[PDB]
Amino acid sequence: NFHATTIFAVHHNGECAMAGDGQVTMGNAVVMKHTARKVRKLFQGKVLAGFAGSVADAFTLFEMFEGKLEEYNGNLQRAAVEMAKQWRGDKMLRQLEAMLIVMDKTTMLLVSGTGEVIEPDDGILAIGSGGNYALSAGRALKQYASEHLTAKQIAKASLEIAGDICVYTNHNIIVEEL
Amino acid sequence: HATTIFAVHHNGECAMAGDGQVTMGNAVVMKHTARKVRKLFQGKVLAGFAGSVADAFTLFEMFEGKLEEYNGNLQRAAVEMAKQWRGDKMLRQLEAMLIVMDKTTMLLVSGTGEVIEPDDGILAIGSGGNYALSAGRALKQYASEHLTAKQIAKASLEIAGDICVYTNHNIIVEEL
Amino acid sequence: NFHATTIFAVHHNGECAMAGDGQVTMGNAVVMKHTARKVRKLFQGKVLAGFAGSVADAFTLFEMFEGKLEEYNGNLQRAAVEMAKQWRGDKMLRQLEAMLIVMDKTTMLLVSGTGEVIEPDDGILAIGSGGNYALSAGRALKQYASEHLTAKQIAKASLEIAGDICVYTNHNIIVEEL
Amino acid sequence: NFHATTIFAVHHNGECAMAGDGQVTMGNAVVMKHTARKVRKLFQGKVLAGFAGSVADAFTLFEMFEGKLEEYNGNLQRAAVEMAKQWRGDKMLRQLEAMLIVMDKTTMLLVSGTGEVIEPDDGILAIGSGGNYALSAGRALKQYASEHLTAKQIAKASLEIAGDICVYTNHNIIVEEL
Amino acid sequence: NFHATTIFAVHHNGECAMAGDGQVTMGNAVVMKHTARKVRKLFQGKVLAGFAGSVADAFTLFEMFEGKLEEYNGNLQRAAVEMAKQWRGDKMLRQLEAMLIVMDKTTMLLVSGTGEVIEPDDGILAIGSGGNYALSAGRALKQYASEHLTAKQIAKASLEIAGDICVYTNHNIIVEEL
Amino acid sequence: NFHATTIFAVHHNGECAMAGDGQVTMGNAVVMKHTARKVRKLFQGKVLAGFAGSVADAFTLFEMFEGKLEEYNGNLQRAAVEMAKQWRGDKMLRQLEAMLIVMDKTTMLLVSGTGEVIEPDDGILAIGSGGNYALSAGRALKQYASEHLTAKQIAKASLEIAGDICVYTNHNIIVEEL
Amino acid sequence: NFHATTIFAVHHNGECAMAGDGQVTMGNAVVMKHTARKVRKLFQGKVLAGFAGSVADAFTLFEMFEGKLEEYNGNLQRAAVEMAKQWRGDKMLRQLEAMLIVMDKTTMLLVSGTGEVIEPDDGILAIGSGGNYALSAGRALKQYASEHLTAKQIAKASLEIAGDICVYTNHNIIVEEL
Amino acid sequence: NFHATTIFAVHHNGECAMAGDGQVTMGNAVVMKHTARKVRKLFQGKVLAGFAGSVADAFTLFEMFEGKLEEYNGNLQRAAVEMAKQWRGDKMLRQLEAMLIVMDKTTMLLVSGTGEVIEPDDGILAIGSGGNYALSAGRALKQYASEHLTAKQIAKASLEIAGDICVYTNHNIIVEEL
Amino acid sequence: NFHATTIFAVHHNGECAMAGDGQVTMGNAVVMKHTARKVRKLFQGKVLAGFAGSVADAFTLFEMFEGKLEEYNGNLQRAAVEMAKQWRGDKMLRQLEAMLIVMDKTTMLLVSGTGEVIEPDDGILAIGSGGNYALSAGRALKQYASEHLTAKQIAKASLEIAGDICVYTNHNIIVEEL
Amino acid sequence: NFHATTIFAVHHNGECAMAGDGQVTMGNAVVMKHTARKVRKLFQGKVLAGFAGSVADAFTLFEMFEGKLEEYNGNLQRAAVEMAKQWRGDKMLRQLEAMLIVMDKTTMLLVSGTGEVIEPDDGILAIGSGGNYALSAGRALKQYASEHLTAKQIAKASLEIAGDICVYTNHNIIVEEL
Amino acid sequence: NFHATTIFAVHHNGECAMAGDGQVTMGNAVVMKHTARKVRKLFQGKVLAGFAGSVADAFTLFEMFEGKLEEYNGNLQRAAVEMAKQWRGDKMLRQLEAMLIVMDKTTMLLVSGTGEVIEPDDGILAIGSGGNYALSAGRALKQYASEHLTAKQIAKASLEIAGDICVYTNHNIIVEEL
């Protein structure tokens with residue numbers, strides 16, 4: 001019943017940033033902890049990935065995906081595919097409605113338990129309870145504000161706005177960059 | 001969604017406070033600053049109401065009306081308020097609840113014609129209602145001497161703010 | 001089975017603007033008209049109002065409020081709530097899910113049939129199918145891009161952004177100012 | 001949470017075409033992606049196949065079906081049946097709502113997880129979100145506009161039409177000919 | 001328990017047409033009638049109107065709308081609005097799911113009980129069961145087949161197509177021209 | 001969302017016939033193929049079987065029964081129930097809503113996944129979307145028109161009648177006899 | 001909760017017959033009386049009408065309709081219209097899901113509380129719990145058996161077959177003729 | 001229809017306490033037990049654990065996690081995760097809504113069948129029926145009473161407040177320490 | 001959550017009886033009353049009536065119908081209809097599911113809020129909780145015990161069997177005669 | 001939202017006692033008030049009454065009934081019948097699920113908004129949240145403990161037991177006599 | 001479909017009694033069996049047990065538990081815990097909503113398929129259809145009537161009361177002792 005934390009990833013001005021909040025919501029109305037860290041670097045810091053869902057789910061995926069990386073030599077395109085395939089295979093895992101973002105220097109993708117793999121056109125991806133508000137914020141900035149802001153600043157911001165619009169997203173915001 | 005309001009009778013002090021969060025539909029907050037608590041009866045009383053602003057002022061007026069008729073007897077005037085609320089067709093459909101308090105006593109009135117007086121002198125309504133209440137009664141009971149009414153009222157809502165998603169941290173507090 | 005247009009209203013840098021797209025969606029699938037006009041100036045051009053729903057209701061609520069306006073010395077605040085008390089009263093109109101935005105040079109208000117009247121904190125109001133998206137976009141620009149964008153520009157952007165993402169908002173956008 | 005892209009296929013004047021749009025809508029409200037490749041040729045370019053659903057799924061079925069195509073020596077009909085049987089069988093795949101269109105020069109078929117195999121009488125097939133709209137469009141053209149268009153031209157126009165009407169279908173369109 | 005017949009309307013090359021099928025399906029399974037007249041001209045033959053729903057209803061609205069047409073001196077737009085208002089108002093009529101298409105030489109509109117008034121950009125309107133199919137067909141033709149057909153020809157073909165696809169639409173078809 | 005074809009089976013005046021229409025309906029609205037073949041002779045042409053549902057399941061159940069047939073000295077009765085005990089057994093197949101008709105020169109049986117095996121009293125069995133209509137038509141003819149119609153004629157009529165009324169049955173009807 | 005008795009009307013070989021059964025079903029499973037008479041002559045035996053629903057509903061309609069007759073001079077066409085209109089008007093009456101058949105020497109119609117009026121092409125109408133089976137039976141006979149049966153015999157029969165197929169229709173069958 | 005007892009844990013000023021009530025409610029309305037043992041010292045008294053649900057589930061879990069600890073050499077954090085991964089692994093237990101608090105002298109963790117592992121930001125966890133009320137009281141006393149209360153006192157007090165408020169919590173309270 | 005007492009009426013061998021039990025069940029589980037007066041002689045003892053529902057409803061109805069009788073000069077049949085028409089007229093009572101039996105020395109009638117008036121074919125009516133069980137027993141004794149039992153005996157016996165079987169019927173039974 | 005208070009009444013050995021608990025529980029788990037007084041003496045202290053529902057309603061009802069008592073000259077029975085007519089009549093009040101107990105020296109009665117009026121044969125009544133549990137105990141005690149106990153005694157005891165079991169009944173209990 | 005029998009257990013003044021009624025009510029209203037024996041002595045007549053559920057299940061359970069008793073050397077507590085693990089473990093049995101009471105001279109316990117094990121502090125237990133009503137009465141009597149009553153006496157009495165109120169509990173009652 002836990003509600004998905006909000007994660008955002010951006011490629012801007014030759015920079016890659018990914019942020020997420022710390023809010024943990026049990027049931028409809030209740031917040032257990034505000035400090036959750038949902039974003040991490042993999043492949044020896046070559047890739048930034050994040051997952052909205054459970055902690056033990058977070059790592060099992062992270063595990064088997066970095067597997068796809070090592071197999072596929074850090075090709076995000078083929079690894080995520082082979083990842084989504086293997087996700088779609090697992091009886092207990094297909095179930096997860098939460099999704100996964102991955103990105104490296106080159107690109108970013110979105111992987112789901114339904115076997116979906118999505119690459120954005122605008123180099124912006126957002127998931128989680130508040131992803132949509134975050135996505136609205138970032139695009140607005142990146143397209144319109146393009147030369148007045150960094151990725152770290154676009155990403156950080158995008159999680160603030162959603163933090164204001166959304167009940168399931170808080171203001172403790174962890175930011176990583178490649 | 002209904003904002004969270006807390007009322008406490010403590011150490012001779014009367015405080016009521018509420019958050020400012022206005023939640024549209026499911027996940028969306030329209031406004032963080034709404035003031036749900038106001039003085040009435042030339043400042044003799046505090047009232048608070050969870051729901052709509054429009055329905056706030058009708059009931060407030062409605063109640064303050066009772067107070068004038070009933071010579072500022074909160075006990076009597078709150079009862080007559082509940083009867084009347086229950087009589088009006090569209091208003092008796094209101095989910096949101098109403099806390100009134102004076103220096104002497106506090107009351108909770110609903111559109112179901114319910115009238116509640118807390119035995120511990122703490123009343124809290126709204127989304128984070130349960131959370132503020134527990135927080136408040138805990139302080140009152142255990143932390144008694146080390147805290148004031150205004151402080152307990154502030155704290156309870158600070159706590160309500162953190163556990164409850166529909167209670168934010170923008171908080172106004174009133175005192176008699 | 002109709003899908004409301006998307007209206008956006010902003011007070012920025014001492015300027016005011018209200019804008020909207022024209023897309024109307026019947027069924028969950030179908031789009032008929034690309035351009036629709038629901039945003040109307042009232043009170044001899046001193047007030048911008050907008051409503052995302054049916055044209056019939058639109059005119060009804062508008063005229064109602066310009067009525068509420070006339071009575072009150074054009075006190076935007078009192079008139080809103082007078083309409084709000086009124087709107088709740090009507091058994092037919094009370095039941096509308098859609099909302100009304102009314103603003104002037106000074107401030108803007110969000111009025112609902114529930115009786116709710118809401119003044120925004122940041123000087124931005126959004127309603128309709130794409131409301132939240134534009135709302136997020138606009139807040140982002142306003143707070144972050146504040147120096148570089150006008151009220152006019154922020155509105156158009158928000159809806160345009162809304163149009164880019166939400167399937168129910170398109171890019172045909174009219175902008176009115178005070 | 002994803003909305004299917006739209007696929008169309010037509011036999012005309014001895015020409016074959018299959019076509020699909022790029023729009024990917026996640027959430028009932030929101031567009032993730034404007035492109036993808038869900039129509040891929042098979043069987044040494046002799047067969048076109050398309051599948052509206054997820055990437056890991058399309059790959060699985062295409063692979064599944066192509067393996068069938070070989071066992072039976074290029075019989076689209078026998079293949080699709082054994083395809084439909086195995087698909088019906090697989091507990092994880094049995095549940096899939098999206099459908100598969102396969103096509104060769106002589107014939108075209110539609111397969112489902114329910115173990116259905118459908119052969120259109122008029123040689124026009126459409127699946128996914130805007131199937132209804134793209135089906136109606138292409139037939140309308142094929143019958144009435146027959147003299148003035150090719151299969152390529154018909155398929156491009158059908159999706160152009162669904163993309164014009166259906167909120168979940170857009171104009172980024174790939175057309176494949178056999 | 002009745003399924004609506006299908007109505008279509010198109011402005012083309014300075015020609016107007018409205019058309020409808022005869023099929024009446026009562027029970028989700030069964031056809032009662034192959035004919036009816038639900039498209040009737042109005043306003044001295046200047047206006048065509050059509051309504052997919054029941055006989056007592058069509059007669060009421062047509063009458064309702066025509067009375068509007070007169071008060072306002074042949075203004076289709078003002079009329080349809082006052083039509084949409086009154087319809088929205090009537091407690092018994094407010095509830096009606098079926099929609100009304102009215103049309104004149106210069107313009108065409110669509111009205112609903114919700115008080116909606118819709119003006120297509122491309123001058124093609126369809127309602128009832130096979131609206132989706134007849135809409136897609138006619139637009140497909142109007143855009144692509146433009147040179148080779150008339151408005152009459154388009155409307156006859158659109159319904160011929162919906163009647164070919166939709167199980168609730170048949171081939172007994174009346175076409176009215178202004 | 002598929003709609004079963006309509007099969008009709010009759011024993012009359014010392015003759016036997018099984019017939020069916022070809023119409024297949026996807027969605028509640030759409031019709032793709034007008035002509036479908038689900039009625040198959042088995043046991044070296046000594047038995048007519050028919051099944052209204054998916055071709056995959058069709059072949060599966062058919063082959064199953066012709067299996068049950070082979071074991072039993074072609075005792076139609078025992079074989080039915082052996083299949084019926086079997087059909088219930090399979091967890092995947094048990095759940096089918098559709099039914100199977102099996103007959104020979106002597107008699108006909110109605111077999112379901114529930115385990116039910118039914119021999120008709122009047123020598124008529126009907127299944128599929130139009131089953132009840134044809135069933136009613138056929139019984140009418142058989143009982144009343146008994147002198148003037150053959151088994152062959154009664155079947156064709158029933159389905160034709162079924163086709164006339166039920167939106168899901170069409171008039172393309174193949175007739176097989178023993 | 002009572003279940004609608006079954007009524008059938010036929011124009012055949014220059015004869016008009018209308019039959020209905022006597023079964024009265026309370027709740028889902030329960031039968032209170034088997035003898036109900038739902039068919040009667042009106043207009044001094046000039047017209048045969050029947051109603052599936054309640055007894056007090058039966059007569060209020062019968063009353064106000066014969067009203068339409070006398071007003072309209074026994075024109076079944078205009079009276080039924082004016083009837084359906086007046087039915088559609090009544091707050092308590094629109095509610096009735098049961099319907100009304102009327103016929104005279106010339107023709108037959110079906111009137112509903114939704115303001116529907118339907119005239120069959122084949123001169124056969126059937127309503128009530130078992131109308132569909134009855135309709136299937138009669139058409140079969142009238143079209144195929146045309147010269148071997150009277151209306152009284154077609155009508156009577158049609159209620160027998162349905163009487164066999166349907167749980168809510170019994171074998172006490174009243175027959176009237178014009 | 002069973003209601004969990006209430007369990008509360010706190011790390012305060014260098015000490016730790018875990019406490020629980022005794023009330024077990026059957027149906028929504030009824031109490032049988034006034035007391036129990038639901039908070040059990042594990043790992044030779046080095047860790048505290050409690051679980052709100054059934055005794056049998058608990059003793060499965062407790063022993064299971066007690067297993068993990070041994071395996072992982074007392075690492076609370078790494079043990080929790082392998083438990084959760086295992087908990088969510090088993091398809092019988094994964095269904096458990098109730099959650100587990102584990103505690104040592106350093107940190108505390110909250111574990112759910114979902115695979116979630118949570119470390120409170122405040123060093124406070126509560127589970128079961130009065131769970132919300134406990135958490136509110138405790139956090140209230142930890143932050144504003146901080147000087148005047150100890151861990152055990154707060155555990156005692158928090159469960160004391162819930163029992164006053166929550167209808168499913170009583171005043172029989174046992175506190176465990178490390 | 002209230003359960004009607006049980007009432008049974010019979011016309012047998014020139015005599016009549018109406019009887020009822022005393023059990024009133026509150027909730028699905030609970031009995032308070034063992035007895036009542038629910039079957040009341042009307043029209044100066046000339047007719048018998050009973051109603052299964054609330055006392056207040058009854059006394060409304062009884063007096064209401066007692067009104068009709070006077071109006072119509074004791075005609076049971078014509079009175080019943082105007083009652084029913086009136087009963088169904090009132091929008092507060094029309095909602096009553098419970099039904100009324102009225103009886104004189106000649107015939108008996110069953111009246112519902114729906115507007116239904118029913119004359120049993122067998123001269124037997126039952127209403128209320130054990131209603132089905134009573135009717136079964138009574139009809140059983142009337143047809144196969146006919147020589148050996150009287151009206152009062154059967155009333156007594158029928159309600160005696162229901163009380164044995166129906167959980168909502170007891171053995172306190174009062175019989176009224178005309 | 002709130003849970004009804006629990007009231008118990010008893011006639012024992014010539015003495016009357018009506019008692020109630022104080023607990024008012026709002027929302028699923030939450031107790032707002034420890035002490036409530038909803039049991040009133042009426043009619044010169046000759047009548048006891050209680051209502052488990054809201055305080056306002058208690059007034060209106062007690063008010064309403066005392067008028068019936070006086071109009072009917074202290075006749076508890078006709079005053080109860082008339083009130084139940086008025087109550088059932090009121091559009092607002094009829095909706096109340098909570099019930100009323102009234103009692104004098106001779107008898108005790110229960111009344112509802114459905115118009116029911118109940119007299120227990122054993123002279124014990126109970127309503128509200130522990131209504132079931134209080135009745136049993138009281139009836140248990142009255143019957144078996146008859147010699148050793150009084151009315152007040154049994155009354156006090158019954159709620160004491162109810163309050164001991166029922167989660168929603170406390171121990172703050174007021175008893176009254178006559 | 002069936003309703004559970006009602007069993008009551010009591011520890012009073014040093015003596016143990018477990019009693020049950022016979023009534024078996026199938027379907028909503030219908031009583032199939034007046035006398036049932038589901039309470040068994042186990043472990044050399046040292047243990048009383050009862051199960052309100054089906055006879056077969058009673059066997060399997062009683063069987064299962066007596067094994068636990070012996071494995072655990074008559075330890076009612078660990079035998080109860082282990083059984084509840086086995087019970088909760090069984091895929092078939094876990095689903096049982098009916099519960100088990102077991103008792104010896106020292107204590108009494110209640111067990112469920114969810115793995116719960118319950119010890120009442122007042123040494124009274126009740127299960128099945130009147131479970132609530134029997135407990136209250138027993139706890140009522142034990143507490144207040146303690147001097148005048150025995151275990152058998154209170155046991156017999158409790159079910160007697162339950163059977164007097166609960167519609168689903170009869171008076172055919174078997175009591176057992178230790």
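Keep in mind that the numbers below use all heavy atoms, side chains included, and drop hydrogens, waters and symmetry copies. Just so we're on the same page: letters track the sequence lines, and every chain starts at 1.
Options G:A162, G:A145, G:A157 differ in how many heavy-atom pairs under 4.5 Å they form with chain F, and the most are formed by G:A157. Interface summary for chain G: among F:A140, F:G138, F:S158, F:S136, the most heavy-atom pairs under 4.5 angstrom belong to F:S136.
G:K33 is linked by a salt bridge (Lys or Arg N to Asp or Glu O under 4.0 Å) to I:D121, counting only residues two or more places apart in sequence or in another chain. With sequence neighbours left out, the salt bridge (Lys or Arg N to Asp or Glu O under 4.0 Å) criterion links F:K142 to no other residue. Residues meeting the ring pair (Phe, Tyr, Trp, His ring centres under 6.0 Å) test with F:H171, sequence neighbours left out: none.
With a 4.5 Å cut-off on non-hydrogen atoms, G:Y133 touches chain F through its backbone and its side chain both. When heavy atoms are compared at a cutoff of 4.5 Å, F:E147 does not approach chain G at all. Interface remark: G:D164 contributes backbone and side-chain atoms alike to the contact with chain F (heavy atom separation under 4.5 Å). For F:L141, the parts lying near chain G are the backbone and the side chain together; criterion is any non-hydrogen pair under 4.5 Å.
Annotation for G:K41: atom NZ counts as buried by contact number, over 12 foreign heavy atoms lying within 6.0 Å. No more than 12 heavy-atom neighbours from other residues, nucleotides or ligands sit within 6.0 angstrom of NZ on G:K152. Surrounding CZ of F:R40 are at most 12 heavy atoms belonging to other residues, nucleotides or ligands under 6.0 Å away.
No donor-acceptor pair under 3.5 Å is formed between the side chain of F:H12 and the backbone N or O of F:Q153. Between the side chain of F:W87 and the backbone N or O of F:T114 there is no donor-acceptor pair closer than 3.5 Å.
Residues from residues 53-79 of chain G never place a non-hydrogen atom less than 4.5 Å from a non-hydrogen atom of chain F.
The two residues F:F8 and F:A134 have their closest heavy-atom pair at CE1-O, 3.3 Å.
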